[PDB]
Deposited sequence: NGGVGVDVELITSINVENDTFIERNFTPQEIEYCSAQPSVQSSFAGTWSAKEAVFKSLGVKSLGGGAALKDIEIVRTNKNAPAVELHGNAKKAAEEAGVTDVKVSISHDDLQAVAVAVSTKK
């Protein structure tokens, strides 16, 4: 048992800002979002997924200038969560054996829901 939800306004992601993007998204993530019909929506969705996933872990919370590059969404095909660094340790350290995530958006906002297994 673990569940997480995250909703983001599409305009919360500034795509121009290379520093922020590259800082928070893995290369496979950035390449995926860039290839989408709406790049900004795509980043907003992946961002929601990262947040939703972290929430489903239920761990010592995060915060600026903490980064979410740890939590990777691999959309290669249903999404896949792959954890790294602290994210990964704290997940094993909580007994979390798997995380699943789904993502959606419309014109207004993006939503992501994650469920964790322990």
Return the ranges of the deposited sequence not covered by C-alpha coordinates, sorted by sequence position. 1, 78 to 79, 122
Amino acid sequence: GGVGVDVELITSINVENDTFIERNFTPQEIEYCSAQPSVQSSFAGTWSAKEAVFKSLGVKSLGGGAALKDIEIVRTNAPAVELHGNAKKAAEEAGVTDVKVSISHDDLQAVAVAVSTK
From here on, numbers count along this sequence of modelled residues.
Mean B factor on CA atoms, stretches 101 to 109 and 17 to 25, record says higher is 17 to 25
Comparing average C-alpha B factors as deposited, tell me which of 46 to 54 and 67 to 75 sits higher. 67 to 75
Among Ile30, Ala90, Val39, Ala80, highest Cα B-factor in the entry goes to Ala90
Would the CA B-factor of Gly2 place it in the lowest, middle or highest third of its chain? middle
